[PDB]
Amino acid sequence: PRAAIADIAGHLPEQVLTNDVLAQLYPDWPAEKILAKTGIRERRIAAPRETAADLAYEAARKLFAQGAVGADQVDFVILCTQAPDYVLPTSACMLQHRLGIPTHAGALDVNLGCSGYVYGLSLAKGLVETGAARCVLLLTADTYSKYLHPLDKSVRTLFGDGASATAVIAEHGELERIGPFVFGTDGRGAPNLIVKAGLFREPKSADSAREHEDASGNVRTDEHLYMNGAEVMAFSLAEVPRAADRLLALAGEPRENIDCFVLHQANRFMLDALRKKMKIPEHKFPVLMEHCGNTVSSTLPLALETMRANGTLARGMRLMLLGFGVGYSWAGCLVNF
């Protein structure tokens, strides 16, 4: 049995964070400058008590209307998120019931960020190709908005909330539909993208709530996300092209045979810099986050969904998916869609 991506559905929340609203709040960053630097026109923001699991539920509901998978067919749920409902129970467990998925389905949460979709795909494929599941519902959902400091311009210009639902199912055929994979993990990158306080390394205290303004005027606490953009970019340029070359070597595949290199949609500056260093033509390199921003684990499936809708992704197309970010963590895989 060969694992294949059967179908994808995305969901973005209602509230829009526009560049014009960010410009009102940050004088030094007008709409044209934010767009110039990031390529992001707007991000969607989850309602105040709307969680990542809620966005994933909506994504799954949308998926289940499309004609490839429904609740009754799901026999494993993987929720990739970095904003779960509880420390316990597992958010995927409640999504199982909420979606009407059968009680004989597996369910678990995975904590990864912008690498999470590719990793999720490797788990789903492992489950399908070992006969542990015939239909893995891979969910990604994030609400980074809930831990961005209001005066942290660097992250509020980038991050949007969102979710996706992908069905990975047992198919039969001669071609590998998902894989092979290359993985990466480098925990030295931890301090460059981190919410330091609020779980078990550092519980919340008087100190963790203490605000602190950086060189660029960005205010933060240990309870909010800290992103070292310069470090993350350095990491990305160092590791992603490397992983792409290694993945091609692993697969015995010339780079000309790849129809599309779909990268985690970090922002237009990062993607341009990666595209240039990777020598990939723009027509093989979608940049599709203008209206949703960086949705963390959902960037890839949202991109793929858009590509299907706009006619640029069709069955039999040879893709490279590349996810990279917080951890540090990164992963790539080939897909024969």
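In case it trips you up, residue 1 is the first one in the sequence shown, and so on.
J.: Using the B-factors recorded in the PDB entry, average over the C-alpha atoms of 60-68 and of 272-280, then report which stretch comes out higher.
T.: Per the deposited B-factors, the answer is 272-280.
J.: Return whichever of 311-319 and 325-333 has the greater mean Cα B factor according to the PDB record.
T.: Mean CA B-factor is higher for 311-319.
J.: When the CA B-factors of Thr51, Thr306, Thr295, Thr38 are compared as recorded in the entry, which is the largest?
T.: Result of the comparison over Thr51, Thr306, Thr295, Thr38: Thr38.
J.: Taking the values straight from the PDB record, which of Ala141, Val118, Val219, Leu138 has the highest C-alpha temperature factor?
T.: Most elevated C-alpha B-factor of the set, per the entry: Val219.
J.: Mind checking which third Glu256 falls in for C-alpha B-factor across the chain?
T.: CA B-factor rank for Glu256: highest third.
J.: State the tercile, meaning the lowest, middle or highest third, of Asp245 with respect to the CA B-factors recorded for its chain.
T.: For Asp245, whose C-alpha B-factor we compare with every modelled residue in the chain, the answer is the middle third.
J.: Tell me, lowest, middle or highest third: where does the Cα B factor of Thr130 rank within its chain?
T.: Middle third.
J.: Where does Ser91 sit by CA temperature factor within its chain: lowest, middle or highest third?
T.: CA B-factor rank for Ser91: lowest third.
J.: Taking only the Cα B-factors deposited for this chain, tell me whether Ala31 sits in the lowest, middle or highest third.
T.: Highest third - that is where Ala31 ends up once the chain's C-alpha B-factors are sorted.
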